[PDB]
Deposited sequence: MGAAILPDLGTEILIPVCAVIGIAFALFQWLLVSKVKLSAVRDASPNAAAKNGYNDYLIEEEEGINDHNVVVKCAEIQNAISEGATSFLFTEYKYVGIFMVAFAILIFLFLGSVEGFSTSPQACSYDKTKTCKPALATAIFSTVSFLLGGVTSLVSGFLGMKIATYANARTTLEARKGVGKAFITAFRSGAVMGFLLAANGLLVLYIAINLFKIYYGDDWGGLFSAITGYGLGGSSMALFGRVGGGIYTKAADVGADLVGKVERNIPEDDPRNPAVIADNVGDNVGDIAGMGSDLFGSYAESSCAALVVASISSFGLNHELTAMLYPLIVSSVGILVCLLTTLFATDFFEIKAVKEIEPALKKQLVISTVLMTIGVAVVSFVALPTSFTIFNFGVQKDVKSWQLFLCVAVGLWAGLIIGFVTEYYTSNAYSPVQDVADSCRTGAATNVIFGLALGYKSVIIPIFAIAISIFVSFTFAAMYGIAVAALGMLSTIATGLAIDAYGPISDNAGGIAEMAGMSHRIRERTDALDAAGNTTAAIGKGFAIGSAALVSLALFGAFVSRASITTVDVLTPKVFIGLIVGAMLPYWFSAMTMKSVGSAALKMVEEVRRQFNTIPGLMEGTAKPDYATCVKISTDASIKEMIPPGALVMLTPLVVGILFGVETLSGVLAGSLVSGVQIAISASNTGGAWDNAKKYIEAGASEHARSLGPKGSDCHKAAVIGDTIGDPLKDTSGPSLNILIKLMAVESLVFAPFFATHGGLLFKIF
C-alpha cells in the first residue's frame, strides 16, 4: 500500500532538503568570512595570513598529487567492474527473467555492468569532492580561528564549529543530492526493473569507500610521518615548544591535519553514508516497496537523511547562536550537547518519517521469503542505530577526554616513565571496546530480528542520520589543531595557545567519537551487505562449521592485522626518516636554533609526500584485491567466512587503536595545560613526565590516525565490493575447487 506521503512529494522533499543543507553551509561560510586577514598587531594578522597560505598551498598540493594517482586507480578499477559484471552473461544484450520474479522480464545483466561502472565513478568522484571541500573549508577557517582566539575561547570555538558545520552540511547534502539524482537518471532506463536499478546504484558506495581507502591511508601516512618527527626532535630532544616555527616539520604537520584528519575523514564518512543508503536500497528493491514500485517507501533512507539535515540545522543553532562559551571546561560539554540534542530531535524526526513515509505493514526480503514487517518495528530499527551511536559517543568521551579518570591515570602513569604510559594506554584501548561492542550487538539483534538485512542497514543509516552534526563536531578538531599551530608559528601571546590548546583537546575527544561512529556504522552496514551478498551469491547457508567457511573466517580475522602491520611500518619508517632530517637541520643550519635562520619546510613536506603516495598502494591493494582473489580462487562460501571474520575481528583493533591514540594525546594535553594540582605536579612542560606522555602520544599517532580509522574502511569496503561482484564470483569463481 502507498504511504501518507505521495511519490511526487518525496521527489520534492529530498532535493529541497539537500538545497537547504547546502544553503546553510554557504551561510555559515559567509559568516566565517567576516573574520578578515590578508598577507599584504597588524603584524600578527599578516603573519597568520602567511602561515595559512603555506598550509593551504601544501594541502592543496598534496591532494592534487594523491587524487591524481587515486583517480587513475579508480578508472582502472571501474574497467574491472564493467568487464567482470559483463562476463557473467557473456555480454549479451538479451533481456532475461527477473531473478526476483520469474514472470517478469528484466534489463540485461550487461546494463547493470554498465550502470554499476557509472555509479562507481559517481561515488568515487563525490568522495574526492567531499574530502577536497573539507580541506578547502579547514584551510580557510584555521587562521580565522586563531585571530578570533584573541577575543577568547568562545569566539574561536564559534568560528571553528561554524566551519566544521560548513563541511558537514556540504558533505551530507552533496552526498544525498548526488544519490537522489543518480537514482532518478538510472530509473529512466530501468523503468519497472527496480531490482536492477538499485543493484546498479550500489556502485555509488563502492566508489565512495574505494577512494576513501586511499584518501585515509595516504593522508594518514603524510600527516603522521610529520607529526611524529616534529614532536620527538622538537619537544623530546631539543626542548622547544610544540609547533615552533624553527622546526622544519611543522608546516608538514599542520598541512597534515587537513590532508588526513579532514580530507581523508570526509571521504571516509561519505563512504559510510553512501554504503548505508545503498545497502538499505538494494534490500528494499526486492522487498514489498520495490516489487510494488512504491517510491516514497522505497526512498525511506533518503527521506531519513533529508530530515537528518534539517534536524542538524536546528541542533547546530544551539552551539552557534543560543549559547556562548566563557570557560574552557564548557567546550567538551558543548560538543557533547550537539550529540544529545541531535539524537533526541532525530528520534522525533524518524517517528514522523516512519509515520508518513511507510505503509503500516509491508514485507522485507529475508533470504528468499517475504517477511512481514510493521512500520513501528522499522522505526525501532533506525532508532536503535541512532541510539547506539550516542552510547558509543558517551563511552568514547569517557575513555578519551582528560576530564575523566581513565586518561588522568594514563597521564599519572608517566610518573614512572614512558614504558608505563604505554602499558596503561594500551590497556585503556583494550578496555574501551567492551560497551561499544555490546551496543553494536544489541543494535544488530533488534534490527536483525525486526527486519533482516534491511533493518540492519537502516540501523547503520540511523547511526549516520545525524552525520552533518557528527562531521561538524569532528571537523571542528583539526581546525582547532591548526589554529594553535598557526598561533605558535606566528609568535602570539601564550594566552592564545592556551585557548587553542583547550579547543584542540576537545577535538581529540571529538575525533575519537567520530571514529566510534565510523566503526559502529561500518559493523552494521557490513553485516547487511554480507547478508545481501549471500542471497546474491545464491549461497543457501553460511555454515561456520564447514571447511570453506571456516578457513575464510580465520583468514578474514587476520586481515585487519596484516593491514595494521603495513600502515604502522610505513609511519614508523617515514617518521624515522623525518627525525633524521629535523636533527640534520638543527645540527647544521647556523642560527636555526637561534631563530635567526629559517628552516627548510619543503624537505619535510617532501619526505611525507613521497612516503604516503608510495605506501598507500600496498594496503589499498590488500583490501581491494582480497575479495577478487578469495572470490575467484576459493569461491563465495570462503568469501563469506572472510567477510564475517574481518568484520568481527577488525572492529576490535579499530576501536582500541583509535581510543588508545586519543588517550595518549589528551593525557599529554592534560600535562601541557597544568589545570589542576595533579596536572601541574606532572609538569611543567619539558619534565620527564611530559616527555613520557609525548612518547605515548607519538606511538598513538599512527594507531589513531593511519591504521585505526582506516580499518572501518577495510571492513565496509570488502563488503560492498563482494556484493557488487557476487554474481561474477558465484558463476566464475571457486576455481581451485573446480580444477580439483
What ranges of the deposited sequence, counted from 1, have no C-alpha atoms in this structure? 1, 42-66
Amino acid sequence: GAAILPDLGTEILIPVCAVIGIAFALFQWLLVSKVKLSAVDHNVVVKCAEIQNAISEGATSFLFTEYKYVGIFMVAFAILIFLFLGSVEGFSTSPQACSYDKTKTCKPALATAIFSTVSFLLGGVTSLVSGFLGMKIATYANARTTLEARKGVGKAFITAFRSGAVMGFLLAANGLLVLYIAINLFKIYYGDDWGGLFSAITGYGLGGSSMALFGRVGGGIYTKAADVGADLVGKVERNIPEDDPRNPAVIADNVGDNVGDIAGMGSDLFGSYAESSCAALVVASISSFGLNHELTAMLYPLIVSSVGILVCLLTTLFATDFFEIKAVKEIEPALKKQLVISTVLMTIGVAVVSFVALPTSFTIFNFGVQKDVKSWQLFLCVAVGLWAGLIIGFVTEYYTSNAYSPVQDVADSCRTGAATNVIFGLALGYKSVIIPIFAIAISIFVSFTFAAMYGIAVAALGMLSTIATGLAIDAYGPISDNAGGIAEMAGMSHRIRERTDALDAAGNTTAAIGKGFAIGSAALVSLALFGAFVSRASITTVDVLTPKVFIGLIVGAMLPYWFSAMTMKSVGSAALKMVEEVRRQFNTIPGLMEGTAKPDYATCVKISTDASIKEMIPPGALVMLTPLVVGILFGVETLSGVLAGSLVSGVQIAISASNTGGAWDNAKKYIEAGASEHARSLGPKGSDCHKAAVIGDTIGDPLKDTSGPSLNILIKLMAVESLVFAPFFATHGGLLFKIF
From here on, numbers count along this sequence of modelled residues.
381-389 set against 538-546, stretch whose average Cα temperature factor tops the other in the entry: 538-546
Higher-scoring stretch by recorded Cα B factor average, 352-360 or 479-487: 352-360
Just to confirm, going by the entry's C-alpha B-factors, which of 581, 253, 148, 231 comes out highest? 148
Could you check 678, 68, 690, 47 and tell me which one carries the biggest Cα B-factor in the deposited entry? 47
If you rank the chain by CA B-factor, which third does residue 718 end up in: lowest, middle or highest? lowest
Quick tally, chain-level thirds of C-alpha B-factors: residue 161 sits in the middle
Taking the C-alpha B-factors as the PDB entry records them, is residue 695 in the lowest, middle or highest third of its chain? lowest
Chain-relative C-alpha B factor for residue 61 (record values, thirds): the highest
The third of the chain into which the C-alpha temperature factor of residue 609 falls is the middle
